[PDB]
Amino acid sequence: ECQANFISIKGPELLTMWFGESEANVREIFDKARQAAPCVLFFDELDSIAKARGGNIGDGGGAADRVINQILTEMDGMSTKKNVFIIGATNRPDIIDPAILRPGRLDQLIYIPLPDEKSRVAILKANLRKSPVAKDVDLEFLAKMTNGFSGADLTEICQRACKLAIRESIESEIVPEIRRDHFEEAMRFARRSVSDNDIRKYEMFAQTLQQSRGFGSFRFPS
Amino acid sequence: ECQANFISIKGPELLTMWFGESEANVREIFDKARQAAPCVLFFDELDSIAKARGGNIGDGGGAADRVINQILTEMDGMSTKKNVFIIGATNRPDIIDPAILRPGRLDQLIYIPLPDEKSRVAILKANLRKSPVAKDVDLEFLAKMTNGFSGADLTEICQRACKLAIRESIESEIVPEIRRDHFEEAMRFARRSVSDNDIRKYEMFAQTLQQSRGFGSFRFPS
Amino acid sequence: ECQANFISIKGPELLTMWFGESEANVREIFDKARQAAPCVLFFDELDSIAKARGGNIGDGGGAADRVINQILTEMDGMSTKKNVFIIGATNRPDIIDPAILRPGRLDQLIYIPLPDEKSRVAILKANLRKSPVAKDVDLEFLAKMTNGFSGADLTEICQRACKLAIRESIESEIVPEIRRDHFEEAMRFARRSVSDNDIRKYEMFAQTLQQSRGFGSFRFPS
Ligand SMILES: Cc1cc2c(C(N)=O)cccc2n1-c1nc2c(c(NCc3ccccc3)n1)COCC2
Ligand SMILES: Cc1cc2c(C(N)=O)cccc2n1-c1nc2c(c(NCc3ccccc3)n1)COCC2
Ligand SMILES: Cc1cc2c(C(N)=O)cccc2n1-c1nc2c(c(NCc3ccccc3)n1)COCC2
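Protein chains in written order, with the authors' numbering: chain C, 534 to 707, 728 to 775; chain B, 534 to 707, 728 to 775; chain J, 534 to 707, 728 to 775.
Here it is in structure tokens:
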């Protein structure tokens, strides 16, 4: 949307320098993120170091480590007039170090929920955009049926339907179109990896920081 | 079946680089696994590092270490169009790090049960394929008798029968054929190393990830 | 179905004699259950005493108490030729004392799952059998939409729709028919009291006692 460059740093690249005690690697990451103006810096599974160290308690130490410290130092020294942007992604925000969320570094926190009915059709069609889809196979109804399903759950449904279609095509040689029955049968092994307790614990975090109470009704004098 | 090359990495080779802090060894493993296209990469007792560190809890840290991190990094960077394939083997999947089982790396999990009656005959005949077997020695009945027996249990039964036959042949000098009595007597010291609690705990893991409930009966409108 | 009498003993009646140290009350319960031949004896929330004492561990004692002991004594002394029948109901079977499940008393254990699509229509129509239901209000679709919903979840949906209809009827005086909009709007506050972890923990109990392994394929000689 911003016509900006994109740099992705997954968990293994972040945890490699933690184990290796070689911490000059973030230097070039932030250097090449700023020369490609405008760019966007994306940190995947930022909680990887916290999980590797234990998480909320772990050892006698807190939630502060060296790699996140280097990221904090590099982010503090950046120029606001540049168009470089840092995006952090995590699934466990309770073990994220509080100092990275301080105002001025990552003060903006937004919650990514489960895909809704409108967004699930997009996940199904993204998976099936390379496959022969029959006319009778209605993705709107399939997305309506699954409600608490994650993108991964729909992904494995599509993969299992494709596997069934491929197997039927192979065994039928001794049809080049995914049929309604393939999706109907593969719908039986429908998992739901995200539990309700997880949604509750993410919400407790969400309106932990919402706090829209107290000053809800204000009237100015004149 | 695929006419592909095979590379086996046992537990000691994986745990040697963990203790030695020398982690360039996975680099050449994955390099020589990909140049021999088509190949299959097999990791034996992947939980060796987790057992050496403690397992489910162990120290204050979680289930993430450096060697599994290197394997994750190498697997993430591979090309899907190549025919290289990675197979992980473990006996304790509860202590396996969750990140290696993420979709895209080792999402496919299949359970290897105890050999059934048809498969136990194969284990017996594989062990006895180099030994003189008498006609009256019926392996079908022997495999039928042992039910909750592992391949190792049948292996030691065959080894003990061979030991008894060799000892009788040596002492009789002062017959070059394994007799029915050798197997009948060696059948007395029949162990069963796998307990029922183990089977129960493996199943709890199995339909932990099965979840074939909820969407079992679906009817399309038209 | 058996044209038999029915006696229901809820949790409070069972826990009253536990606190009151007055344990002759089960005597008349079992006496009047057997004189009304044929009858059926139903014990609701049998785990109430275990919950009141702590459950799996609780105090230094085990899972045995006095009231369940009296029920065991009364059940052991009954005549099998009589048509009296005892049914125990519980939601936590992990804290149920093992001795009540011994063969001869309550050896038969069956699992009551969440209602399926066919059974959910019955729950909706049982709740709405006394209310004016509009023609366009399709209960089949409503039951299809809710999948992991308990009978209580559908019950509160129906109650909330009735409350909305009653409120609109009262405020409109200053219509005597539940409309499609009443159910559509009340569908927004749809709870799901039973979590997936609960279903998993009930299943672990279920094929704890299933054990259909080992002797799955048997062939007789002749
Ligand atoms: C293959 C695919 C897998 C996947 C997964 C997953 N855990 O497998 C999760 C989220 C999106 C996913 N996609 C996906 N991939 C794409 C698109 C798309 N739809 C938009 C969207 C994005 C985030 C959210 C909702 C819906 N979804 C759209 O076009 C590009 C590719
Ligand atoms: C000596 C031998 C020991 C052993 C053991 C063991 N813990 O001792 C476990 C599993 C298979 C084993 N084998 C074995 N070895 C072989 C074969 C064979 N049968 C097929 C099979 C494979 C896996 C499973 C079932 C049955 N079994 C077949 O031909 C090659 C050698
Ligand atoms: C008001 C009512 C509430 C309720 C609840 C609840 N937690 O509110 C749970 C289960 C059944 C319930 N019913 C109910 N009540 C009735 C019926 C019926 N349908 C059959 C049925 C039974 C058990 C199971 C499924 C479906 N369901 C049938 O006619 C008699 C009354």
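From the three backbone atoms N, C-alpha and C, an ideal C-beta is built for every residue, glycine too.
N616(C) is not a Cβ neighbour of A566(C), given a cutoff of 8 Å.
The C-beta of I643(J) comes no closer than 8 Å to any C-beta of chain B.
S765(J) sits in coil when the DSSP states are folded into three classes, being neither helix nor strand.
In the DSSP assignment, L687(J) forms no beta bridge with any residue.
Contact between the segment 681 to 688 of chain J and the segment 638 to 649 of chain J is present, with at least three C-beta pairs closer than 8 Å. Within chain J, the C-beta atoms nearer than 7 Å to that of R745(C) come from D749, in chain order. Here the alpha carbons of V600(B) and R599(C) stand approximately 20 Å from one another.
DSSP, read as helix, strand or coil, puts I542(C) in strand. The beta carbon of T549(B) sits no closer than 8 Å to any beta carbon of chain C. Annotation: the continuous alpha helix (DSSP H) that includes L605(B) extends over 599 to 609.
Comparing C-alpha distances from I619(C) to each of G769(C), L642(C), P626(C) shows the shortest one belongs to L642(C).
Beta-bridge analysis with DSSP links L574(J) to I540(J), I619(J). Nearest CB-CB separation between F552(C) and chain B: below the 8 Å threshold.
By the neighbour-count definition (other C-beta atoms within 10 Å, threshold 16), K584(C) is a buried residue.
With a cut-off of 7 Å, the C-beta of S541(C) is classified as distant from ligand 1, since no heavy atom of the ligand falls inside that distance. Relative to ligand 2, the beta carbon of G594(B) is positioned no closer than 7 Å to any heavy atom.
Unbroken alpha helix (DSSP H) runs of no fewer than 4 residues, entirely contained in the segment 622 to 680 of chain B, are found at 650 to 661, 672 to 678, following chain order.
With fewer than 16 other Cβ atoms from the protein chains shown falling within 10 Å of its own Cβ, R635(J) counts as exposed. Contact annotation: the segment 755 to 773 of chain B touches the segment 741 to 751 of chain C, with at least three C-beta pairs closer than 8 Å.
If you draw a straight line from the Cα of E534(B) to the Cα of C572(B), it comes to about 12 Å. Counting other Cβ atoms within 10 Å of its Cβ, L762(J) stays below 16 and is therefore classed as exposed. Within the segment 751 to 774 of chain B, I752, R753, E756, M757, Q760, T761, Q764, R766, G767, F768, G769, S770, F771, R772 place their CB atoms closer than 9 Å to a CB of chain J, listed in sequence order.
For the options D580(J), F575(J), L639(J), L687(J), the alpha carbon positioned closest to that of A597(J) is the one of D580(J). In this chain, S612(C) is not harboured by any alpha helix (DSSP H), its DSSP state being neither H nor E.
One thing to note: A676(C) has its Cβ within 8 Å of the Cβ of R653(C).
Here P729(J) is exposed, its C-beta having fewer than 16 other C-beta atoms within 10 Å. Here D686(B) is not near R733(B), since their CB atoms are 8 Å or more apart. Shown in chain order are the members of the segment 591 to 604 of chain B whose Cβ falls below 7 Å from a Cβ of chain C: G593, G594, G595, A597, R599, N602.
If you check the C-beta of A676(C) against ligand 1, you find no heavy atom less than 7 Å away. Contact check for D627(C) and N589(C): beta-carbon distance about 6 Å, within the 8 Å limit, so the pair qualifies.
As far as DSSP is concerned, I582(J) takes part in no beta bridge.
When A659(J), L605(J), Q764(J), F576(J) are compared, the shortest CA-CA separation from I542(J) is found for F576(J).
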